[PDB]
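Structural overview
Residues per chain, in single letters:
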Amino acid sequence: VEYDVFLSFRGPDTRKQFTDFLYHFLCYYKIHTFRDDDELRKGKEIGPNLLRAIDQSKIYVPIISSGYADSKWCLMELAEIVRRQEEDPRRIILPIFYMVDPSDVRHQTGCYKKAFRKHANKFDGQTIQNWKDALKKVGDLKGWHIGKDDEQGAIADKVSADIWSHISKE
DNA sequence: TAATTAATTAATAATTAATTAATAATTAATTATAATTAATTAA
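As a numbering rule, every chain is indexed from 1 in the order its sequence is written, which need not reproduce the entry's residue numbers; residues that lack coordinates are not presented. Starting at A for chains and at 1 for ligands, labels are handed out in the order in which the entities are written. Remember that the shown chains come from a larger assembly, so read each value as a statement about the shown part. Hydrogens and water are ignored here; the side-chain numbers use all heavy atoms of the structure.

Once that is clear, we can look at the nonpolar core. In terms of nonpolar packing, the biggest core is built from 24 residues, with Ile64, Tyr68, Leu78, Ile81, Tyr112, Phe116 and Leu135 touching the most fellow members. Secondary structure elements follow DSSP: runs of H or I of four or more residues count as helices, runs of E of two or more count as strands, with numbering from the N terminus. Where this core is concerned, the elements lending two or more residues are α2 (47–56), α3 (74–87), α4 (113–118) and α5 (127–138). The element that contributes the greatest number of residues to this core is α3, accounting for 6 residues. Leaving out residues up to four positions away in the same chain, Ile64 has contacts with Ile96, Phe97, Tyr98, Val105, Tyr112, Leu135 and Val138. We call a set of buried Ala, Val, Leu, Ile, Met, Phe, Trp, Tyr and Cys residues a nonpolar core when their side-chain atoms join them within 4.5 Å. Think of it in three bands: residues with accessible area under 20% of the maximum for their type are buried, residues over 50% are exposed, and the middle band is partly exposed, with areas taken using a 1.4 Å probe on protein chains only. Residue contacts are defined here by distance: any two heavy atoms, one from each residue, within 4.5 Å place the two residues in contact.

This is the structure:
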């Protein structure tokens with residue numbers, strides 16, 4: 001009746017390019033999945049929607065993309081995932097890199113330099129250091145890299161069971 | 001030279017939503033106006 005898996009991704013990039021079949025395929029294993037498309041903006045952080053499901057989730061599974069560092073909502077939301085995780089280690093994180101190196105995520109260089117080149121003219125000089133401290137630790141856990149040739153279909157089946165193995169056996 | 005980082009300066013789309021901007025028309029229904037022809041009646 002509650003949520004056992006909570007996703008997070010980019011808007012226009014992978015909303016109907018891959019994360020869609022992965023969300024659907026998952027519903028065939030009899031588990032309730034949460035994905036959201038509402039652009040929020042109704043304020044700066046909504047409570048009964050995101051904040052509710054965050055504490056209700058069980059396996060936070062982000063999906064870092066190529067342009068995941070531009071949307072002003074995603075990063076500061078990810079800062080709430082990995083922060084809540086460090087307080088109670090009962091839950092886990094299974095990131096999935098996508099079309100990007102597992103090196104442009106630990107130092108925000110490469111395809112993110114342009115992103116933080118303009119993000120530093122608006123916000124505080126400490127809030128940005130809060131993101132780069134949280135975004136870094138995500139790029140150290142285990143994760144299926146998806147190269148240019150790997151099957152966008154076989155990976156889904158392999159990763160889904162790893163989410164279903166931690167539920168049946170508990 | 002290429003390459004990128006670093007500081008600064010610089011220039012049309014697209015919807016979101018507020019509002020105003022088109023009588024037009026047809027349907028439903030309302031009142032008003034002219035004569036002609038026919039018969040009868042009075043020079």
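Read on for the rest.
With that settled, consider the UniProt feature "domain: TIR" (unreviewed entry) in chain A. UniProt positions are given in the numbering used here, feature names are shortened, and annotations may be inferred rather than shown by experiment. UniProt records the feature "domain: TIR" (unreviewed entry) at residues 1–167, using the numbering of this structure. With 39% helix and 7% strand, the stretch residues 1–167 has end C-alpha atoms that lie 15 Å from each other.

Oppositely charged side chains may form a pair once their charged atoms are brought near each other. Here, a salt bridge means any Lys or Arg side-chain nitrogen found within 4 Å of an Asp or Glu carboxyl oxygen. The full count for this structure, using the stated rule, is 5 salt bridges. In this structure, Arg15 and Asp20 form a salt bridge, with 2.9 Å as the shortest nitrogen-oxygen distance. Owing to a relative accessible area of 19%, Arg15 belongs among the buried residues under this scheme. A salt bridge links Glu80 to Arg83, with the nearest nitrogen and oxygen atoms 2.3 Å apart.

Before going further, it helps to examine the pairing of strand β1 (residues 5–8). What you see with β1 is no split at all: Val5 and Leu7 on one side and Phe6 and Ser8 on the other are buried throughout. Pairing of β1 with strand β2 (residues 33–34), which is carried by 2 bridges, proceeds in the parallel orientation. For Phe6, the partnering residue across the bridge sits in β2 and is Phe34. Running through helix α1 (residues 19–27), the crossover from β1 to the neighbouring parallel element β2 is right-handed. Across 4 bridges, β1 lies against strand β3 (residues 59–62) in parallel orientation. In the strand pairing of β3, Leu7 is matched with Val61. At least two bridges found by DSSP between two strands is the condition for calling them paired. Here is how to tell: hold the view so the strands point away, follow the path from the first strand over the helix to the second, and if it runs clockwise the crossover is right-handed.

So, about the sheet that holds β1. What the 4 strands build is an open sheet, ordered β2-β1-β3-β4; its pairing is parallel. Edge strands, defined here as strands with exactly one partner in the open sheet, are β2 and β4 (92–93). Two elements, β3 and β4, share 2 bridges in a ladder whose sense is parallel. Note on β4: the bridge partner recorded for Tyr60 is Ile93.

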